[PDB]
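Just so you know, the sequence shown maps onto residues 4 to 64, 68 to 229 in full-length UniProt numbering. Structure, as structure tokens:
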Amino acid sequence: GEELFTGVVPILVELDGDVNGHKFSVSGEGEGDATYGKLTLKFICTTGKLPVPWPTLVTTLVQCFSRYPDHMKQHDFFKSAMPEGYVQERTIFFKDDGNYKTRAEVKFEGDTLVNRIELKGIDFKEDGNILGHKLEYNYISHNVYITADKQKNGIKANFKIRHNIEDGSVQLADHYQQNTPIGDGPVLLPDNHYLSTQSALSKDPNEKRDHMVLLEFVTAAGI
């Protein structure tokens, strides 16, 4: 699978979401260059206004584009599962608010890497930081801690995203993740390590639809 990532790969993302009965869709397009752990993406809310803050959807909206150092290449589950792909599931617990549960399939469709996602949010406060749109549109930088899951022939991960609220405080989003291969071939089950991830959020000045531009870097480390 690693052979598939040696140059620049086109990405497509498609998300259907329902948070407290507020239904929405997001489409994304861009490119990934795993050699440099580099992702360039643009996401569009295709149903009108996004009912949650864009920063809360970043993590859900392709860790196969991580740069694994040469000395850690035997720990890259994500690429090993390609082209058949993997299922990525999360529960994201927003402290003192609701939770997202997400299920995604990440696979190649020809030469394009596709991430198709369903997201379901419940228990949110209607005037809280998520449904009330109180989060800053900020750089996001944290480590994704990975461990092997031998029973599912895959991995688990956990991490905390600290979203700045507009009043200077923090909205914690505790992430629990599991990935399992779609195909039955061998996959690389890693030793414990992390992905150092940085996502820079911006706007396209010519774009009038509700949208998010991202420049993201993802680098494996810890060994």
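Backbone N, C-alpha and C define an ideal beta-carbon position, used for all residues, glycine too.
Taking 8 Å as the upper bound for CB-CB distance, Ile229 and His81 are in contact here, some 7 Å apart. Around the beta-carbon of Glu132, fewer than 16 other beta-carbon atoms lie within 10 Å, marking it exposed.
A distance below 7 Å between beta-carbons, with the five flanking residues on each side excluded, links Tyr151 to the following residues of its chain, in chain order: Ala163, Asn164, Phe165, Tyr200. Annotation for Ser72: no beta strand (DSSP E) segment contains it, and DSSP assigns it neither H nor E. Under DSSP, no beta-bridge partner is assigned to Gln157. Only residues of its own chain outside the window of five on either side were considered, and among them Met218 have a CB closer than 6 Å to the CB of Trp57, listed in chain order. DSSP places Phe46 within a strand segment (E or B) once states are collapsed to three.
For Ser28, the enclosing beta strand (DSSP E) starts and ends at 25-36. In this chain, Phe84 is not harboured by any beta strand (DSSP E); it is covered by the alpha helix (DSSP H) spanning 83-86. Annotation for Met88: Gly4, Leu7, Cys70, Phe114 place their beta carbon closer than 7 Å to its own, counting only its chain and skipping 5 residues before and after. When DSSP states are grouped into helix, strand and coil, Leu201 belongs to the strand group. A Cβ-Cβ separation of about 12 Å leaves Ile136 out of contact with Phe99 under the 8 Å criterion.
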